[PDB]
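First, one chain by itself in structure tokens, the form solved without this ligand.
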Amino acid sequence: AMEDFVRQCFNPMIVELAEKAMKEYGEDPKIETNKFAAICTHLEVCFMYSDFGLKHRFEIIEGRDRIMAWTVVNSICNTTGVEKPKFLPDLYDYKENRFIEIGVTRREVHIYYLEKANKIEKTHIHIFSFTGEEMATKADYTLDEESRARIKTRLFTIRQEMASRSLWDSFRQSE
């Protein structure tokens, strides 16, 4: 099952978190399996992205409960002066001094980019695909190629792990 794969291929903290997020909003990961597996993959991106960095470069926001998330956001704005987003972003960058929205899609990167841009308003956008493809505002990719390589590989690995289990097609088509 997809769900097996999720518990089998992701550190529990992440699976724990994905399960909390879904089940609090009345979604079953035993049913919404491809969503379970998508939420995990996003989180891991976000965590990875955060921890590739001025020792402490980024502020993780995705992962946190909504009290904490908006606390950290309200804290950041109140001291840096950067405008408050209408929707919770995944990261803030204390170096480039702006929020980031991390997208991960199984479709093309320019499509998911437009979707993202469309919804937001001054947040940096970065999209990763599972094909080692990415696209980011002003093509400002924000990270030393070194780091961006590691995500791309992980995502590709997750793609390819799904395909070992004949799970890719299901997943690819559920976005």
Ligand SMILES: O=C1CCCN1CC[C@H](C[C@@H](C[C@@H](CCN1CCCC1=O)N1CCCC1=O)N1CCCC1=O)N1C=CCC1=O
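Throughout, we count residues from 1 along the sequence that is shown.
Beyond the structure shown, there is the form deposited with this ligand bound, which is absent from this document and is the topic of what follows.
Although the partner is absent here, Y141 sits far enough away that none of its heavy atoms falls within 4.5 Å of this ligand in the entry with it bound.
Contact check for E134: no non-hydrogen atom falls within 4.5 Å of this ligand in the entry with it bound. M162 falls outside the set of residues with a heavy atom inside 4.5 Å of this ligand in the entry with it bound. At a distance threshold of 4.5 angstroms between non-hydrogen atoms, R57 is out of contact with this ligand in the entry with it bound. Within 4.5 angstroms of this ligand in the entry with it bound, the stretch 11-27 places a non-hydrogen atom from each of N11, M13, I14, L17, taken in sequence order.
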